[PDB]
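What follows is one chain in structure tokens, specifically the form deposited in one PDB entry.
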């Protein structure tokens, strides 16, 4: 009875949600299937209706998933072991099996996003290269364009069938609030083609990313953010080269100067790498996150399947700091269960976890296996851990987007 509350089939005591079908960049169709099974004493057992109100002794709920290209190899993830419910001491308490279906249903709903194959939402183009400009950027018919990179939130604007303006995010989530932007967008769409997409950045200079992201994600906001547009495209002309999209975007902002919150990102032409680098250093002096380099011939490649376009480059400083190692832990789900994770402490006694980079999962599995608090206290506790990150948390000092690259000695 209860398995009918979730979509999918139930066979062999294994509940499989209906496949999510999508198109790859090569054109082949792909299928994504997430399943739930319960294992007690190393064997699969049926999923009873009572398994939603009372745990079974020695029973673990396992979430796994299948992905394959049409007529291709079938890739199955490691098991996500759900060993206990959540809110275990409240009226909200869920069961081992019930919580695993909530987790699996949550994955199922969100996985349908950013997939090729709507509401007209097209995922924004993503950047592949980081602090590297391919030489082919300067071996084209036109010189690449350098723009400022702003440390805010990604957004794409378009106009639905009705007069409403649609502002959505990297993962095709509709933004709420932001009425100062939408009203000026509604006025700008009176002067231009009503099927263009305005691709840009929600941002307010000298405000931290954390505040910007808070205002964009909250249902309401102080209506103080700006929309800096750096690209445009049409759904039926995605192959339009970058320089052409920039030229048409310039003509779009030549249709209305009465804009207070919507601005076109300035375009700089560079003949070589050094001029792009000089603009990067200048932008960092002005307080910006860095520079974006756009190949003049690149089409607009949406972020389907989180695709990163090879025709874009991200010039942004990579920060390296040192932090005292104080503990260690592991991941909890799938391939990261039993995989080592570091724990560092800041001067202000605040702690944070860092995922190790340049290590194999074999190394991570082994490290967490050989070690216990006794041997950790003898050696690794107290050492300096080299951490690559992008910025410091302004309220805590914690390095953000951090990854551990190794120790000093």
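Rigid core here is just the name for the largest C-alpha set that superposes within 1.5 Å across the two forms. Only residues modelled in both forms are compared. Numbering follows the first chain given and starts at 1.
Compared with other entries of the same protein, residue 221 falls in the group left without coordinates by at least a third of them, where both flanks are modelled. Looking at the other PDB entries for this protein, residue 119 is absent from the model in a third or more of those that include the residues around it. The modelled chain breaks between residue 117 and residue 118, where 1 to 3 residues of the deposited sequence lack coordinates. The stretch with the higher mean CA B factor, choosing between 27-35 and 49-57, is 49-57. For the pair 11-19 and 395-403, the mean B factor over Cα atoms is greater in 11-19.
Of the residues listed, 105, 276, 157, 82, the entry assigns the biggest Cα temperature factor to 276. Per the deposited coordinates, the residue with the largest Cα temperature factor out of 256, 308, 226, 245 is 256. In the deposited entry, the Cα temperature factor of residue 318 sits in the top third of values across the chain's modelled residues.
Among all modelled residues in this chain, the alpha-carbon of residue 140 has a temperature factor (C-alpha) in the highest third. Residue-level temperature factors show residue 192 in the highest third of its chain, judged at the C-alpha atom. Per the deposited record, the Cα B-factor of residue 69 falls in the lowest third when ranked against the other modelled residues of its chain.
For residue 368, the recorded CA temperature factor ranks within the middle third of the chain's modelled residues.
Missing here is the form deposited in another entry; even so, the following discussion is about that form.
Residue 309 is not among the residues whose C-alpha shifts by 2 Å or more between this form and the one not shown once the rigid core is aligned; its shift stays under 2 Å. Once both forms are fitted on their rigid core, the CA atom of residue 99 lies 2 Å or more apart between this form and the one not shown. With the core held fixed between this form and the one not shown, residue 286 has its Cα displaced by under 2 Å. Relative to the shown form, the CA atoms of residue 74 and residue 305 are pushed 3 Å or more farther apart in the other form. In the other form, the Cα-Cα separation between residue 130 and residue 24 grows by 3 Å or more relative to the displayed conformation. For residues common to both forms, superposing the rigid core between this form and the one not shown reveals consecutive runs of 3 or more with all Cα shifts of 2 angstroms or more at 2-116, 319-394, 396-409.
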